[PDB]
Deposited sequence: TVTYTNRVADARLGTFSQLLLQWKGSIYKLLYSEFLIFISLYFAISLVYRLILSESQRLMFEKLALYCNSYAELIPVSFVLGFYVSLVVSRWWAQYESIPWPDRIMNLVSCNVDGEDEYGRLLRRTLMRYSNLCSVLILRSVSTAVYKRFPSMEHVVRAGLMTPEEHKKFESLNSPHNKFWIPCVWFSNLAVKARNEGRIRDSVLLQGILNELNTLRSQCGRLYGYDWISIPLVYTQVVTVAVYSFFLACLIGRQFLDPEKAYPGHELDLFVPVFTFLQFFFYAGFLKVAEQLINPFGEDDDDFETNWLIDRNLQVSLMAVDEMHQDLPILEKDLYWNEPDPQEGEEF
């Protein structure tokens, strides 16, 4: 939080100490008494601004939407267990057939993470970077851009997947219709999880609810630039009986009320190590359909037999 509060905090340190130096050195004595009345006014009536109430529900919606995206991580490990076993063949066709199926299922999640996450988007700026990272063969790029559509194209590989499995069934690679439908029902589970992330980016927390909660924090501490001044102890106002030149508890109070504001900036749109997550789901999925197709260990007895 110290990195996120290097900008807004030191402005508030600067905006306080400016006004503190102006009051102590620049104002005439007749004009200081004008400042003392506004300082007593803004100290008692800045509690009318519901800072703990407005900011309290905005964290209850940034985070309750933040947690709903980590049940939305598309793991290919459910399709991987069924492509590895059912799509038969050890020759260079069926070995190529299984690697293509688990490459489309990962491409159906890279094309959505490069529109919701800046970390993936700086790894894959254009579509040419997807080809050079092995997620798309050059012959698939020509078919990807003859399909003229002004919308997002993350649904392209999840239709190529389901058309390849049926083509795989009609050549005898998948045995029955039930084993074919078992793959397609696990495609549409990963299509739902990828379909959530597209739905969460397109449906943000509304602008009407963000512009409210950023005034309630800033207009509070705008009044605290005046209402938290150390007044003159010679006038002996009730409450300001001591001069200390640094408001310790005001700067702590700005640290937390603006702290949740900078936290909720972060958690409204996460994924700002998906560079690691994509490198896992590609390296595992191609591993478990090529090296582990029928390579099983040897069946032997356990330590509990008779």
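The chain's deposited sequence has unresolved stretches at 1-26, 299-304, 339-348, with no C-alpha coordinates there.
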